[PDB]
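Presented below is the structure to which this report refers.
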Amino acid sequence: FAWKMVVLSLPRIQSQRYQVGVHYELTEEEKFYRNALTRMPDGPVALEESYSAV
Amino acid sequence: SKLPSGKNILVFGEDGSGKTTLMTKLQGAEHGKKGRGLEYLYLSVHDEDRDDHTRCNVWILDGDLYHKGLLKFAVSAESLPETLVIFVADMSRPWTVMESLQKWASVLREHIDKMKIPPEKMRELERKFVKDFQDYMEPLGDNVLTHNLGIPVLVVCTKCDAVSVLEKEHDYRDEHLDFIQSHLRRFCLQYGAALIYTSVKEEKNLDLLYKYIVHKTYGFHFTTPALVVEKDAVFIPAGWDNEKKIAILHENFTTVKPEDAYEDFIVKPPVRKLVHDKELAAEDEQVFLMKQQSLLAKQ
């Protein structure tokens, strides 16, 4: 679990960050790259291959 | 004769519903970090009579259909009869609770056909679960246990401290609560499931949940009867309910019908649209200055 938090806890790029006042909180998907597993180029089988060794 | 081990816990729910923070307080750990994909944990189950300690592993699945292929490592074919399934529903967003239930049920139904179990073993398991349902103490019906899996299942409702936010800034009444509890009682009756209402902010039925897992996974003695009056601490175990214990909730229905669908009465609130598609698109220069050439010629 610690090796995947290096990428998965990276802060996302915020476009309109200069505005202030709106008291909404962005979710975890739009604050950090929590959809990086869906962008896996070989499909989810690399995560299956990673879990297979445990 | 030592106590059996290898008892499996299968947690299913949407992401952000608070499954990890529920499991770290059921187990007793301080910081349960929400690792994504699958989470691995075990339950500290022990008895004071035989002085024996049993390890019962916990498998948590995140709310993502892209990770539905991870279930092969969580449960196998041989680990199926030693698996107790907890289905997690979060009524903090009460508009989409049994949707997650039926989609995880369909996922479990297609996944239980993936290893191609022979028709004798799961029929024996279904017969065992049917006789365990019929022998509860404090043929079947038309819609009772019609979608049985053969293994003990459970539906646990989370954030019971989040009942007041439903009433105050959404203008909910007791008919609102009765409508959502009737549908899940129908689901529990259809699937042979139980219901424990639990809040971790208000610390309600957490040890009652823990004793229920210990009893349903190890045959421990159970004495707590069904609770229906306390709407924040509802306890409906397996075998208590029937087609007439759901009909008592239809008396307070003055504007809604029990036979109606779900999404017609309770609607999810519309949310903020990404209002940025107004954009700015300056024209191509060629057509723009042909138009300006026409304006040059016409005047």
Checklist outcome for this item: Exception for residue B:86 within (1) of a type outside the set (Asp, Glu); (2) within 17 Å of the chain's Cα centre (by Cα); (3) within 14 Å of chain A (Cβ to nearest Cβ) falls at (3)
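Results for (1) surrounded by 15 or more Cβ atoms within 10 Å (Cβ to Cβ); (2) touching a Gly at 6+ places or on another chain (Cβ under 8 Å), shown as yes or no for each residue.
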residue: B:59; (1), (2): yes, no
residue: B:63; (1), (2): yes, yes
residue: B:70; (1), (2): yes, yes
residue: B:73; (1), (2): no, no
residue: B:78; (1), (2): no, no
Item to check | Matching option when the condition is touching a helix residue (DSSP H, G or I) at 6+ places or on another chain (Cβ under 8 Å), under 30 Å from residue A:27 (Cα atoms) and among the acidic types (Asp, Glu), among B:263, B:279 | outcome: B:263
Item to check | Tabulated pairs, the range B:19-43, first within 9 Å of another protein chain (Cβ to nearest Cβ), second aliphatic (A, V, I, L, M), C-beta under 6 angstrom, 6+ apart or interchain | outcome: B:38/B:70; B:39/B:60
Next on the checklist: Considering only the range B:53-66, I want to know if a residue exists there that is more than 15 Å from residue B:14 (Cα to Cα), of a type in the set (D, E, K, R) and more than 12 Å from chain A (Cβ to nearest Cβ).
Outcome noted: yes
Item to check | Filter pass, residue B:181 being of a type outside the set (A, V, I, L, M), assigned to a helix (DSSP H, G or I), within 17 Å of the chain's Cα centre (by Cα) and buried (at least 20 other Cβ atoms within 10 Å of the Cβ) | outcome: yes
Checklist entry - Just to be sure, is residue B:224 in contact with a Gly (Cβ under 7 Å, 6 or more places away or on another chain) and closer than 30 Å to residue B:29 by Cβ? => result no
Next on the checklist: Is it the case, given these coordinates, that residue B:72 is among the basic types (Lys, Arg), out of contact with any strand residue (DSSP E or B) (no Cβ under 7 Å at 6 or more places or on another chain) and assigned to a helix (DSSP H, G or I)?
Outcome noted: yes
Checklist entry - On the given criteria, is residue B:264 loosely packed, with under 10 Cβ neighbours inside 10 Å and either in a helix (DSSP H, G or I) or not basic (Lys, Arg) (or both)? => result yes
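Don't worry about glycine lacking a Cβ; one is built from the backbone with ideal geometry, like all the others, and counts go over all protein chains shown. FYI, it's all coordinate maths here, none of it is from the lab.
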